[PDB]
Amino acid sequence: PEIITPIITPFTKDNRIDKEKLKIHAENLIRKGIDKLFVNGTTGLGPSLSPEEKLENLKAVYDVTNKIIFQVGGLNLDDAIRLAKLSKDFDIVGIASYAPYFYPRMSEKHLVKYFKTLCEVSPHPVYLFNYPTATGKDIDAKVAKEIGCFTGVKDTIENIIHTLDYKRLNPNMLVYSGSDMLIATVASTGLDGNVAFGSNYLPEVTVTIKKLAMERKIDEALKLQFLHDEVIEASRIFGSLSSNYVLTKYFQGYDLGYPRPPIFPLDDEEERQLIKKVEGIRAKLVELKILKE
């Protein structure tokens, strides 16, 4: 199984993408063993980026690595189509889209039509990003089968039965979980890995959990998994999408600038208090030699 980082988009003080900070972040991720980078995902504030900014992010990351899944979705199908076609000139793993968000009570026929349109135009394999809490819709294993063109799915949901059903109904589909708390479990139960937002700031931890689980050291994997779980809880105190910036600077030693408001940056006191919550976890990760200080 794989660990895929939904990579953070660093912004400047003037609310532009800070490409050089992004390249440094992507470079470190790959060096630490991340298999692939999911660009323009939730953690990257994809929904807050213009089409032109989504392309900007692809080009920056591609200067570091071609192991990219390129998220192109949005509420303007013409823009999503254009981004899909633009990717033909890149040697990337695939494109991806979440379901059309905001609008509830969308018909299944229209949801299927949206994804089938993206498949019809894609020059690359297509990954379903299923995130029912964020988008308001579930593209479950039956619907994914009906759509019929997905190479893989990322299932972000509080229900691993739902995730397993993709393998059950689509046995040749790649199936990933979006739950950082399930890295050990996903690996142990025959699924294909995790798209882990916490791998932005603790890539060492996420790959080691998975490796321990694949070495049949489940107890050791769960011990490390439970420590990762505690860092995730701390990031939720002040909002995980904002806190991800602070935690990456803290654990990896370079800064990712700013989020894009309304994803507001933590102030200096929130940062202080967040670091207080994870300081001891860092110390234990250093002792275990997962972190080189």
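The first residue of the shown sequence is 1; numbering continues from there.
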* Would 262-270 or 50-58 have the larger average of its C-alpha temperature factors, as given in the entry? -> 262-270
* Asked: 273-281 versus 5-13: which one carries the higher mean Cα B factor per the record?
  -> 273-281
* Structure fact -> Per the deposited B-factor column, the C-alpha that peaks among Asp91, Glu158, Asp155, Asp165 belongs to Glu158
* Of the options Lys142, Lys211, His124, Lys113, which has the highest CA B factor as deposited? -> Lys142
* To do: Divide the modelled residues of the chain into thirds by Cα B-factor and specify which third, lowest, middle or highest, holds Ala84.
  => highest
* **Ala196, C-alpha B-factor rank within chain (lowest, middle or highest third)** => middle
* Structure fact -> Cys119: CA B-factor among chain residues, third -> highest
* Structure fact -> Chain-relative C-alpha B factor for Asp229 (record values, thirds): the middle
* **CA B-factor ranking of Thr189, expressed as a third of its chain** => middle
